[PDB]
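What follows is one structure encoded as structure tokens, with my remarks underneath.
In this chain, numbering begins with 1 at the start of the sequence shown. Hydrogens, waters and symmetry mates play no part in the numbers below; they use all other heavy atoms, side chains included.
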Amino acid sequence: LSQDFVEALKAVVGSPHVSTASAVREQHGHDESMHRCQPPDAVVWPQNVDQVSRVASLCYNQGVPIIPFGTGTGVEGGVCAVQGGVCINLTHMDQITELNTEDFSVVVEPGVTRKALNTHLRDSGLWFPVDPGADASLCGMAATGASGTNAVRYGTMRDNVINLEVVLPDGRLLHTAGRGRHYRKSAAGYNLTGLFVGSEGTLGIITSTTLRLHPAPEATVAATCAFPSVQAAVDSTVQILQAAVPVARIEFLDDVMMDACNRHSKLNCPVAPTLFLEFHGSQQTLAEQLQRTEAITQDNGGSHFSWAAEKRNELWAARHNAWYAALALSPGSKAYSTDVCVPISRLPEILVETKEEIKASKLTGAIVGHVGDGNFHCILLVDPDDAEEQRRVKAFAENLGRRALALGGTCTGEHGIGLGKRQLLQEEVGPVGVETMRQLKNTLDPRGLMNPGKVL
Ligand SMILES: Cc1cc2nc3c(=O)[nH]c(=O)nc-3n(C[C@H](O)[C@H](O)[C@H](O)COP(=O)(O)OP(=O)(O)OC[C@H]3O[C@@H](n4cnc5c(N)ncnc54)[C@H](O)[C@@H]3O)c2cc1C
Ligand SMILES: [Mn+2]
């Protein structure tokens, strides 16, 4: 990066908001995954959308890659600057606007986390449900297509993003559904909002997101249920979904993950394949849901429900920290997560096979995830210096991904592709799907400067 170029960047955002210092670039060259740090050539913090547009235009016309950066909690290397360039940290734009309680909508800028939003919403009777474990940027969640434990009932980011404000690679400002618009459904033109959800910073920079809010549940009950085997836990899950019980949360932990979470959060659940459940409704619709759900879990050997404000909060905090609980099994290690999502009737086969495969392998793996969506994570630990173990973990993850594709599923339910799953994506959608995705990338980013090396 030339001195003239750096000075041009400082003219847009101000000298304190541009850094070429090695330590600052290294901090923005990696996310939470094991993907190797690849530092950008500079980090820039735009202070408003006009500055985002002008930074993008400067980079784009000079042939300098752009890497959007939210909270850096991704797990597929999305922020790694594989071709160098300018990392745009968007978190100084942190305002909540256009809170429309009567329409159940709100507009947020990239520095707003879900925690910040739900704090702002206390005493409104509304909440935003999509809950990744990490305290992530909501616009980053829109960029990755995130989901979480609440998605089985309340939907993913794709279900809950109503509109996006996007700075395109050359600096133009796009409101995907129209500036200021919010509504429940539309057939007007092509749905641009869904194209940018899950685009991972390869099609443009999300500078605000319009989110669907939901009413807080009238009443909540959480519980855990221990099972004799993975098969019994996942069969119960499939049967709960087939019985159409509107469970609010249904999270699976294998015995390895349950033990890790016990040690990391000082829970002391029985070490066993376990479901964490939550039910929303009136005092009485809960009783109906509980009866029907306990009946199914009992048929599969589930324990009597161990029931759980503070107790529930510690239960789900432990679940949200499962990633760090797994890492704590081997201090100094990094982690790589699988994220397959299969048709629900095939979930028992692939989960049980994954458990058997982790057992037969020398790898440390913990299993957790959103089995209500037919989705789960195998969290695999890697010694950052053991090159052979890394090759074993990547091979394990790619074999699992190919098994999911063989079952009609997808290689990633929520984390995205980034650097890790590019070959699986090619297999998943085939030559015409890849070419079509690439033609869309090319028309929005002709010079290929919008987060190069990711997704495609
Ligand atoms: C402990 C832990 C638990 C997690 N649990 C979940 C979970 O349950 N569900 C889930 O889906 N994910 C989960 N994640 C992954 C991660 O939190 C999500 O992928 C989240 O959406 C990433 O947001 P971010 O701003 O931190 O992303 P970053 O790492 O900053 O960026 C991720 C990607 O999005 C792009 N990007 C970021 N912000 C923007 C923007 N404003 N405009 C355009 N592109 C942008 C980046 O260029 C990159 O390619 C977890 C992560 C951790 C560490
Ligand atoms: Mn998850």
Evaluation steps, side-chain hydrogen bond (donor to acceptor under 3.5 Å, both in side chains), between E32 and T73:
CA-CA 5 Å; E32 289 299 294; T73 70; over 6 Å; no
Would you say the side-chain atoms of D445 pair up with the backbone N or O of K441, donor to acceptor, closer than 3.5 Å?
no
side-chain hydrogen bond (donor to acceptor under 3.5 Å, both in side chains) against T410, all qualifying residues, sequence neighbours excluded:
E428
In the structure I gave you, are the side-chain heavy atoms of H92 and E109 within less than 4.5 Å of one another anywhere?
no
Any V161 side-chain heavy atom under 4.5 Å of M141 side chain
no
Counting only N and O atoms by type, is there a donor-acceptor contact under 3.5 Å from the side chain of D131 to the main-chain atoms of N150?
yes
Just so I know, are the side chains of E427 and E398 near enough to count as touching, which here means a heavy-atom distance under 4.5 Å?
no
Taking all non-hydrogen atoms of both residues into account, name the closest pair between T207 and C139 and its distance.
C-SG, 4.5 Å
Do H182 and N163 pass the side-chain contact (heavy atoms from CB on, under 4.5 Å) test, and can you show the C-alpha distance, the side-chain angles, and the key distance before you say yes or no?
CA-CA 7 Å; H182 50 115; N163 207 335; over 6 Å; no
Which of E357, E353, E356 passes salt bridge (charged side-chain N to carboxylate O under 4.0 Å, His left out) with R403? It is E353
I need the minimum non-hydrogen distance between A335 and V382, along with the two atoms involved.
N-CG2, 4.1 Å
Rounding to 0.5 Å, atoms CZ (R181) and NE2 (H175) come to a distance of 11.0 Å
For the pair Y154 and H280, name the ring-plane relationship: parallel under 30°, tilted 30 to 60°, perpendicular over 60°.
tilted
Look only at the side chain of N191 and the backbone of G194, and say whether a donor-acceptor pair between them is shorter than 3.5 Å.
yes
Point-to-point distance, once rounded to the nearest 0.5 Å, from CZ of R212 to CG of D103
8.0 Å
Within the side chain of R249, is there an N or O that forms a donor-acceptor pair under 3.5 Å with the backbone of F276?
no
Given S337 and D339, is the side-chain hydrogen bond (donor to acceptor under 3.5 Å, both in side chains) satisfied, shown in steps?
CA-CA 6 Å; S337 182; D339 187 31; over 6 Å; no
Which heavy atom of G416 sits nearest a heavy atom of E76, and at what distance?
O-CG, 3.6 Å
By side-chain hydrogen bond (donor to acceptor under 3.5 Å, both in side chains), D135 pairs with (sequence neighbours left out) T113, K115
Measuring from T209:OG1 to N160:CG, what's the distance to the nearest 0.5 Å?
11.5 Å
Checking the side chain of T156 only, and the main-chain atoms of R158 only, is there a donor and an acceptor separated by less than 3.5 Å?
yes
Over all heavy atoms of both residues, which pair between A233 and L275 is shortest? Give the atoms and the distance, please.
O-CD1, 3.9 Å
Side-chain donor/acceptor of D31 to backbone N/O of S33, under 3.5 Å
yes
Should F128 and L138 count as side-chain neighbours, where that means a heavy-atom distance under 4.5 Å?
yes
Determine yes or no for a side-chain-to-main-chain donor-acceptor pair under 3.5 angstrom, with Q298 supplying the side chain and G302 the backbone.
yes
Ignoring hydrogens and angles, tell me if any N or O in the side chain of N375 forms a donor-acceptor pair with the backbone of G369 under 3.5 Å.
no
Let's go through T193 and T176 carefully: what are the C-alpha distance in whole Å and the side-chain angles of both, what is the deciding distance for side-chain hydrogen bond (donor to acceptor under 3.5 Å, both in side chains) to 0.1 Å, and is it a yes or a no?
CA-CA 5 Å; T193 300; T176 53; 2.7 Å; yes
Would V75 and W323 satisfy side-chain contact (heavy atoms from CB on, under 4.5 Å), going step by step from the backbone distance to the final call?
CA-CA 10 Å; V75 297; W323 177 269; 3.9 Å; yes
Under a 4.5 Å cut-off applied to non-hydrogen side-chain atoms, are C269 and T274 in contact?
no
Student check: side-chain heavy atoms of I240 and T297 closer than 4.5 Å
yes
For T224, is there any backbone N or O sitting under 3.5 Å from a side-chain donor or acceptor partner on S306?
no
Around atom NE2 of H304, are there more than 12 heavy atoms from other residues, nucleotides or ligands closer than 6.0 Å?
no
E388 bridged to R392 by N-O distance under 4.0 Å
yes
Got a second to check how far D373's CG is from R153's CZ, nearest 0.5 Å?
14.0 Å
Do you know the tightest heavy-atom contact between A151 and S147?
CB-CB, 3.9 Å
Please answer whether the main-chain N or O of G433 pairs with a side-chain N or O of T436 as donor and acceptor at a distance below 3.5 Å.
no
Measure across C225 and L277 and return the closest heavy-atom pair with its distance rounded to 0.1 Å.
CB-CD1, 4.4 Å
Determine, stepwise, if the pair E414 / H370 fulfils side-chain contact (heavy atoms from CB on, under 4.5 Å).
CA-CA 10 Å; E414 55 172 17; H370 318 300; 3.3 Å; yes
Take atom CD of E435 as the centre, draw a 6.0 Å sphere, and report whether it contains more than 12 heavy atoms from other residues, nucleotides or ligands.
no
Would you say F279 and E288 make side-chain contact, with heavy atoms under 4.5 Å?
no
Who passes salt bridge (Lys or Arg N to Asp or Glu O under 4.0 Å) against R312, sequence neighbours left out?
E278
Report the C-alpha distance between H28 and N89 in whole Å, list the side-chain angles of each, state the deciding distance to 0.1 Å, and finish with yes or no for side-chain hydrogen bond (donor to acceptor under 3.5 Å, both in side chains).
CA-CA 8 Å; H28 289 82; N89 186 316; 3.0 Å; yes
Whether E200 and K454 form a salt bridge (side-chain N of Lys/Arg under 4.0 Å from carboxylate O of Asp/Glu) is what I want to check.
no
List the steps and the verdict of side-chain contact (heavy atoms from CB on, under 4.5 Å) for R402 and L424.
CA-CA 7 Å; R402 285 191 219 101; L424 290 166; 3.8 Å; yes
Roughly how far apart are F252 CZ and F227 CZ, rounded to 0.5 Å?
9.5 Å
Distance (rounded to the nearest 0.5 Å) between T338 OG1 and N399 CG
12.0 Å
Identified side chain to side chain donor-acceptor pair (under 3.5 Å) partner of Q239 from the options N300, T293, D299:
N300
Would you indicate whether the side-chain heavy atoms of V49 and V167 approach each other to under 4.5 Å?
yes
